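In: partial complex follows, first chain(s) only, in situ:
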Amino acid sequence: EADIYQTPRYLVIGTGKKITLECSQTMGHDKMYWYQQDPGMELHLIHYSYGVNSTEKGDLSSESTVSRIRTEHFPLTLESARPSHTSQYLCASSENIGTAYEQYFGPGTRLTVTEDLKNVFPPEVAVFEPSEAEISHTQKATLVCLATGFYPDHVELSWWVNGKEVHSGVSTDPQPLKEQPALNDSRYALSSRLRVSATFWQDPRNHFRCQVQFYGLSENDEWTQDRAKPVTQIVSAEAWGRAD
């Protein structure tokens, strides 16, 4: 049973570091693959294995390495980190008999190579109460949340109402935004909207909280700047229903 398990799903790393993405399959599939798809492009197989002790490349210019010491593990690796590697990473495995089945559910590993790491910044969450106008006229309140000044593009926003993460009446920007596009290392920004019935918004017992999961550094990484160490964490902003 069980599917596949890639880890980490998120991680920021400074050039020159030894990265070792890992993924395993509780399905016994002998065949495993490793795809990479830069942003705005399709899948490109880089490494594949038919089983233990078998390692094969798809794109001669890979720069990464793999090891199939076990049937369950096919961990990929990139000795020295480089900003050219910055992209997504998909681990794959396929059935062994009959009409080949394939499931590289591998949620993927979001990788971020940073030219030195003093360029890591957490987000600044902020919620905005609905325009009374919208309400009077529409009779529906729409809350907005804004993630600002955060690098790298590794976040997961969520809205919690009275203690429950909701999905209905919610829409986030599929793609974040660059505050200084002029910079290839420009800090990002992301918005999100939540809509409900005015009546619901007007009730002061109703609690609203826009949660944001940020994936920064690990407690071990070396930090020296005169500011808090941008470690993987969470930032939130909340609001309360008000009649007015």
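Out: Cool, got the structure. Numbers count the residues shown, from 1 in each chain, chains lettered A, B, ... in the order given.
In: show the subsequent helix or strand relative to whatever helix or strand residue A:45 lives in.
Out: For residue A:45, the element it lies in under DSSP states H and E is strand A:44-49. Using DSSP H and E, the helix or strand that follows strand A:44-49 in sequence is strand A:56-57.
In: can you give the strand pairings for the helix or strand following that following strand, parallel or anti for each?
Out: Of the helices and strands lying after strand A:56-57 in sequence (DSSP H and E), the nearest is strand A:65-66. Its sheet considered, strand A:65-66 pairs with strand A:76-77 (antiparallel) by DSSP bridges.
In: picking up where we left off before, and the contacts of the strand holding residue A:45?
Out: Residues outside strand A:44-49 that contact it (C-beta atoms under 8 Å, 6 or more residues apart in numbering): A:30-37, A:55-59, A:62, A:64, A:66, A:68, A:74, A:76. The way it works is simple: take the backbone N, C-alpha and C, and place the C-beta from them, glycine included.
In: domain-wise, how is chain A divided?
Out: With domains defined by curated CATH domains, chain A comprises A:1-115, A:116-241.
In: as a markdown table, these with mean neighbour count would be great.
Out: Below are those laid out as a markdown table (neighbours: other C-beta atoms under 10 Å):
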| stretch | mean neighbour count |
| --- | --- |
| domain A:1-115 | 16 |
| domain A:116-241 | 16 |
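In: quick check: the gap between residue A:142 and residue A:188.
Out: As judged by C-beta to C-beta, to the nearest Å, residue A:142 and residue A:188 stand 23 Å apart.
In: what's the answer for residue A:129, then?
Out: Residue A:129 sits 24 Å away from residue A:188, going by C-beta to C-beta.
In: same check, this time on residue A:107
Out: 21 Å.
In: got it, and residue A:162?
Out: Taken as C-beta to C-beta, the span from residue A:162 to residue A:188 is 30 Å.
In: show me what contacts residue A:179?
Out: A:148-149, A:186-189.
In: same question but for residue A:172, I mixed them up
Out: Shown in contact with residue A:172 (C-beta under 8 Å, 6+ apart): A:157, A:190-193.
In: tell me the bridge partners for it.
Out: Assessed by DSSP bridges, residue A:172 has beta-bridge partners residue A:192.
In: roughly how far apart are it and residue A:100?
Out: Distance of residue A:172 to residue A:100, computed by C-beta to C-beta: 36 Å.
In: extra chain here, label it chain B:
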Amino acid sequence: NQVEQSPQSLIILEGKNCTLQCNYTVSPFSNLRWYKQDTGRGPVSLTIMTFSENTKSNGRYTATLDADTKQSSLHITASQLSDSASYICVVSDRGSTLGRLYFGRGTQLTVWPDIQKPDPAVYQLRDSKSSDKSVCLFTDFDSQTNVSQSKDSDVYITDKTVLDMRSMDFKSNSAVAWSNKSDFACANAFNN
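Out: So, slotting chain B in with the rest:
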């Protein structure tokens, strides 16, 4: 060896039954698969065909394999915005053991909502916590509307994003924008 997919990009509305095709150049075949990779997520096995006909269903999905096997078509019925994703057609040189799969660049599928009883409008929102900054929101506009991008270094504008209020069976698009005070007003913003 050569996997050809078309269209390459597409945009449609709900309730509509779309279809797309695949063509290629491989010596032998055995498996033909269609996936539904989502933004930042990994692909999904929707179907796998063999020398077995040009018809296999799975819910609102319908695959179709060419007789001589030179092209296939994935027929989708009553489109749902949740289906909006890129789909890849992948073939393989037969061999559950020694067969390689060639993916197609795919086709970015896009699904907008049915715009019935529209009502475009821009609202200025105030900060929950006392501050001097704010944001303008444009909402309830037909999907056909296009959201121009600030292009103004100091202004930030998000692309339209739809949300669905199941409880009320309502779906409304909406784009936001904001700046760092000064020469800013919901009027000039979102201006063509």
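In: once more on the contacts of residue A:172, this time with chain B?
Out: For residue A:172, the contacting residues are A:157, A:190-193, B:161, by C-beta atoms under 8 Å, 6 or more residues apart in numbering or on different chains.
In: ok, residue A:145 next?
Out: Counting by C-beta under 8 Å, 6+ apart, residue A:145 has contacts A:125-128, A:157, A:159, A:191-194, A:210, A:212, A:237.
In: can you give me the helices for chain A?
Out: In chain A, the segments counted as helices under DSSP state H are A:132-138, A:198-202.
In: in CSV, list those along with distance to chain B.
Out: As requested, the helices of chain A are exported to CSV (distance: least, C-beta to the nearest C-beta, whole Å):
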stretch, distance to chain B
helix A:132-138, 4
helix A:198-202, 10
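In: who wins for proximity to residue B:119 among these?
Out: In terms of C-beta to C-beta, the element of the helices of chain A nearest to residue B:119 is helix A:132-138, at 7.9 Å.
In: show residues contacting the closest one.
Out: Taking C-beta under 8 Å, 6+ apart as the rule, helix A:132-138 contacts A:140-142, A:198, A:201, A:244, B:119, B:121, B:123, B:137, B:139-140.
In: repeat that for 7 Å
Out: The contact list for helix A:132-138, computed with C-beta atoms under 7 Å, 6 or more residues apart in numbering or on different chains, reads A:141-142, A:198, A:244, B:123.
In: hmm, stretch B:142-157 touching chain A?
Out: Yes: using C-beta under 7 Å from any C-beta of the partner chain, stretch B:142-157 reaches chain A at residue B:156.
In: for the contacts of helix A:132-138, which one is nearest residue A:85?
Out: Nearest to residue A:85 out of the contacts of helix A:132-138 is residue A:142 (C-beta to C-beta; 39.4 Å).
In: how close does that closest one sit to chain B?
Out: Residue A:142 sits 7 Å away from chain B, going by C-beta to the nearest C-beta, to the nearest Å.
In: same check, this time on residue A:171
Out: Computed as C-beta to the nearest C-beta, the residue A:171 to chain B distance reads 4 Å.
In: what's across from the nearest residue to that residue once chain neighbours are set aside in the sheet?
Out: Nearest residue to residue A:171 in three dimensions, chain neighbours excluded: residue B:163, at 3.5 Å (C-beta to C-beta, 6 or more residues apart in numbering or on different chains). Residue B:163 has these beta-bridge partners by DSSP bridges: residue B:172.
In: and residue 96, backbone torsions?
Out: Here I'm looking at chain A. Phi and psi for residue A:96, reported as degrees, to the nearest 10, are phi -110, psi -20.
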